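A structural walkthrough
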Amino acid sequence: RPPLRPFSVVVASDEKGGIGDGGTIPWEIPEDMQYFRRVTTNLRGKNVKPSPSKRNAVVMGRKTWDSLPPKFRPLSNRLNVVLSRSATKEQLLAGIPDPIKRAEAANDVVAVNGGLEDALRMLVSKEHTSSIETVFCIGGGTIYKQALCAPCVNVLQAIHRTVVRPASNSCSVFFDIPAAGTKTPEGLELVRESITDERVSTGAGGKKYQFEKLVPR
Ligand SMILES: NC(=O)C1=CN([C@@H]2O[C@H](COP(=O)(O)OP(=O)(O)OC[C@H]3O[C@@H](n4cnc5c(N)ncnc54)[C@H](OP(=O)(O)O)[C@@H]3O)[C@@H](O)[C@H]2O)C=CC1
Ligand SMILES: Cc1cc2c(cc1C)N1C(=NC(N)=NC1(C)C)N2
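Procedures and definitions
Residues numbered from 1 in each chain as written, not as in the entry; some residues may be left out. Chains lettered and ligands numbered in written order. Heavy atoms only, no water. Residues with missing side-chain atoms left out of burial classes, pairs and counts. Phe/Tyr/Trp six-rings, centres within 6.5 Å; stacked < 30°, edge-to-face > 60°. Helix = DSSP H or I, 4+ residues; strand = E, 2+ residues; numbered from the N terminus. Buried < 20%, exposed > 50% of the residue type's maximum accessible area, 1.4 Å probe, protein only. Core = buried A, V, L, I, M, F, W, Y, C linked by side-chain atoms within 4.5 Å. Contact = heavy atoms within 4.5 Å. Salt bridge = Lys/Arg side-chain N within 4 Å of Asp/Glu carboxyl O. Near = heavy atom within 4 Å. Polar contact = N/O pair within 3.5 Å; in protein donor to acceptor, adjacent residues only side chain to side chain. Nonpolar A, V, L, I, M, F, W, Y, C, P; charged D, E, K, R; others polar.

- As deposited, the entry is annotated with X-ray crystallography as its determination method and 2.90 Å as its resolution.

Given below as structure tokens:
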């Protein structure tokens, strides 16, 4: 287990840390979705744009990949890295209804056959260190729990946690995040580097979101 890639994590969870009711993200809070797009797509520097030359990677488990709304499959302008034991790049792409788009997507889809550590082991390579700028863990459940595990947490840089104020009481899937300053079972101290003021979703999806940022030790 030699050196890996530093990534960050992106999640939207209620107070109970719940994230998903099976196979559809429970909330489609607009600004929330908007942040997610801008956070995982956007490169660093003035007027800099994501091309296959340079772009960010997003790593997700298969199940998350199944929960992607077909339109969001795959997340454009990002290298989509999917962790599956069973499925192949072929199988993944099968989950792309429109066959045409499906043929286009193979550019920016990768099927790792392994866990996070594996994916991070691959993105440390000389291709992936130059064509890919930042690496985001973007769910789902087991993949988050892994990210917080050694040796993955050892290169975890931030956590960009959104906070849906009216917690959904229908969440089957959860992100186990020990408070934000608790000597973890593991031995991690999450630190709220910063956190936005509460705002409320303009939409008739009138919830209330926060952009929290947490960081290890
Ligand atoms: N609100 C949010 O921020 C987000 C919400 N979600 C929600 O998360 C839920 C899904 O959570 P969850 O069930 O944990 O799904 P995961 O995304 O954790 O998928 C787990 C799958 O990843 C693969 N996998 C995991 N570890 C390894 C490994 N070491 N080696 C190889 N393959 C591996 C396996 O795929 P396989 O067995 O198929 O090979 C496994 O079943 C959905 O409800 C979704 O809506 C998802 C992302 C973000
Ligand atoms: C795949 C996927 C990953 C996510 C995600 C949505 C989708 C579809 N979210 C993430 N973080 C935050 N803050 N909000 C939302 C947009 C709900 N991670």
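So much for the structure itself; the text now carries on.
**Digging into the packing of aromatic side chains**
- Taken as a whole, this structure holds 3 aromatic pairs when the rule is applied.
- Between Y35 and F211, the ring centres sit 4.0 Å apart and the planes meet at 10 degrees, which makes this aromatic pair stacked. In this pair, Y35 sits in helix 1 (residues 30-41) while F211 sits in strand 10 (residues 211-216), placing the two residues 176 residues apart along the sequence.
- The exposure class assigned to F211 is buried, which follows from its relative accessible area of 13%.
- Taken together, a centroid distance of 4.8 Å and an interplanar angle of 40 degrees make the contact between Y144 and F175 tilted. Residue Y144 is found in helix 6 (residues 141-147), and its partner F175 is found in the loop between strand 8 (173-174) and strand 9 (190-195); the two are separated by 31 residues along the sequence. Like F175, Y144 is buried.
- Among the aromatic residues, those joined into a ring-pair cluster are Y35, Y209 and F211.

**Quick word on the nonpolar core**
- Residues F7, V9, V59 and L120 are the most contacted members of the largest nonpolar core, which totals 31 residues.
- Of all the elements in the fold, those that place two or more residues in this core are strand 1 (8-13), strand 3 (55-61), strand 4 (79-83), helix 5 (116-122), strand 6 (132-137) and helix 6.
- When near neighbours in sequence (up to four residues on either side) are disregarded, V9 contacts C137, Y144, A147, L156, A158, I159, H160 and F175.
- Formed by 15 residues, the second largest nonpolar core is a distinct cluster that contains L75, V82, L92 and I96.

**Some thoughts on unusual backbone geometry**
- Residue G139 is joined to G140 through a cis peptide bond whose omega torsion reads -5 degrees.
- With respect to the helices and strands, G140 occurs in the loop between strand 6 and helix 6.
- In this structure, the amide linkage connecting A150 to the following residue, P151, adopts the cis form with an omega of 10 degrees.
- Structurally, the position occupied by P151 is in the loop between helix 6 and strand 7 (159-163).
- The phi dihedral of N77 falls on the positive side, at around 70 degrees, and the residue is not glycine.
- Here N77 is to be found in the loop between helix 2 (62-67) and strand 4.

**Some words on the pattern of salt bridges**
- Tallied over the full model, the rule gives 7 salt bridges.
- Note that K145 and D176 form a salt bridge whose closest N and O atoms lie 3.4 Å from each other. Residue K145 is located in helix 6, and its partner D176 is located in the loop between strand 8 and strand 9; the two are separated by 31 residues in the primary sequence.
- In this structure, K213 engages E193 in a salt bridge whose closest nitrogen and oxygen atoms are separated by 3.4 Å. Separated by 20 residues along the polypeptide, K213 in strand 10 and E193 in strand 9 bring together distant segments of the chain.
- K213 sits in the partly exposed class, given a relative accessible area of 24%.

**Let's talk about the site of ligand 1**
- Taken together, 28 residues are adjacent to ligand 1, and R62, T64, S84, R85 and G140 come closest.
- At 3.5 Å, a backbone N or O of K63 approaches an oxygen atom of ligand 1.
- One of the backbone nitrogen or oxygen atoms of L83 is found 3.3 Å away from an oxygen atom of ligand 1.
- Broken down by secondary-structure element, the contributors of at least two residues to the shell around ligand 1 are strand 1, strand 2 (18-20), helix 2 and helix 6.
- Broken down by element, the shell around ligand 1 gets its largest block of residues, 5 residues, from helix 6.
- Broken down by class, the residue content of the shell around ligand 1 amounts to 9 nonpolar, 16 polar and 3 charged.

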